[PDB]
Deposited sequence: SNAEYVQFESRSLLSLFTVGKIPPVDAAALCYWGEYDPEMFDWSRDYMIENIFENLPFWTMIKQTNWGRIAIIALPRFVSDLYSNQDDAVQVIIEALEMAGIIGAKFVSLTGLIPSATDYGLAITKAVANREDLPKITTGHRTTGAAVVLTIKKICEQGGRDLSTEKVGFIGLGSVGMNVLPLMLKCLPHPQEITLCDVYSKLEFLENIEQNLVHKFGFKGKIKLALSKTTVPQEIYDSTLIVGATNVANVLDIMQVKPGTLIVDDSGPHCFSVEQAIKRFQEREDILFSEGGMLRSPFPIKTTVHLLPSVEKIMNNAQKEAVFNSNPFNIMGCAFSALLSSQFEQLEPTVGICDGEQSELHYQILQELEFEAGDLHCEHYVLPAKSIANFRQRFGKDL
């Protein structure tokens, strides 16, 4: 009904006028390469499975316009292993996106982290005016995470003002969330900042800004990670994750009653262990942080790659925040696209427009698993006020 499978090439159908142009696009990639998960080398898959070409795989038709989902013919390790190659395949994808009508293109996942947050792309296309504008979409991602913090506190039966909040990963997304949360929601009583040892000075500057720029009056703690989070993080009652490193948090050690919002992909904790613990004990709440719930249902068209071949039954109201960011920039000129580490209060404009449009966070879920509403109510009966 809201999900339609298309066996024919979306690009071919577009070029003969059988499907309309899109207004925006979002670039993704094929996860991570593991030699024990595939029959062939990395180079074989890139050349023969992905054909070294970007692949237009989905259309998301929202009330605010159409988004093409385009997959780069690369794994995440390829983006980091050669930034020049990453930029060149992204430029090939931007040329395709422009032909099919995109005006703005979102860089999802770790594409910003691997490309100087878009700046390496913008410099390589500065001499071109025929390509769509790029955005990391991270201000909208930041607002989706704050909306999820709001929702998981509501579903948990608690107020944020009583929480001890631990931030795991204070990179581009993480530092969009922390100031916006302080702007939009009641201040918690304690904030822990957790990142790797080499970012201690960076974290100490964040602590200064918490006191003197963002008006935070509660307790502040710094927690340095090595291969995993230090044990102090398990003192937090709300954990907010935005790491580029999987499984740094042991979900079996969070205390009963803990709320977890995580935009990390893969998650900073084990999804299968979190689900098992929730099914057995119903004593945590956990969710993706970057997903928005549109007030109107979204029509999704899906064209699977035959060689690469949870789509059906997927929630038709849900859309990823940074993907939707590209439509926000075309609909509302004030919501300018973002490249580089962008510091400022413009995230509040993303939060305000999302609320005026009656977006909220997606219902609590983690990859394939939706937390059933009765189990959430059981958690709330035991661990709320």
{"query": "Deposited sequence positions missing from the model - stretches, numbered from 1, in order", "finding": "1-3, 313-321, 398-399"}
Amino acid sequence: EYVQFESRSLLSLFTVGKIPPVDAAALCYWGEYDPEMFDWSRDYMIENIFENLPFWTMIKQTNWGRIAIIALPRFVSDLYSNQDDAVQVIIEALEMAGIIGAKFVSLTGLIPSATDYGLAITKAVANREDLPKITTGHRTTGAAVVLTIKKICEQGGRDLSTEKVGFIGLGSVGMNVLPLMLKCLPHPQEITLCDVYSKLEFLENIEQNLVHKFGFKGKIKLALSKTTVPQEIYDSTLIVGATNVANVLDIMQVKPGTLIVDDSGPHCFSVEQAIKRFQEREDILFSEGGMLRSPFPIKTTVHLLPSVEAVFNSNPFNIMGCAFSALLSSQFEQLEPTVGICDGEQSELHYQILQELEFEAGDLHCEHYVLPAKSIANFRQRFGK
From here on, numbers count along this sequence of modelled residues.
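Under this definition, the rigid core comprises the largest set of C-alpha atoms superposing within 1.5 Å between the forms.
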{"property": "Segment of greater CA departure in 4 other deposited structures of this protein, 120-128 or 137-145, core superposed", "result": "120-128"}
{"property": "Higher C-alpha RMS shift from the shown form in 4 other deposited structures of this protein - 94-102 or 310-318, rigid core fit", "result": "310-318"}
{"property": "Selected stretch [higher average CA B-factor]: 153-161 or 209-217", "result": "209-217"}
{"property": "281-289 set against 197-205, stretch whose average Cα temperature factor tops the other in the entry", "result": "197-205"}
{"property": "Top residue by Cα temperature factor, when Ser41, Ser325, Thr62, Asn318 are compared in the entry", "result": "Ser41"}
{"property": "Deposited CA B-factor, highest of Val105, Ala126, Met181, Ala242", "result": "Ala126"}
{"property": "Third of chain Cα B-factors occupied by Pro306", "result": "highest"}
{"property": "Third of the chain's Cα B-factor distribution that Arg139 belongs to, per the entry", "result": "lowest"}
{"property": "Lowest, middle or highest third - CA B-factor, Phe167", "result": "lowest"}
{"property": "B-factor third for the C-alpha atom of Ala25 within its chain", "result": "lowest"}
{"property": "CA B-factor ranking of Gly118, expressed as a third of its chain", "result": "middle"}
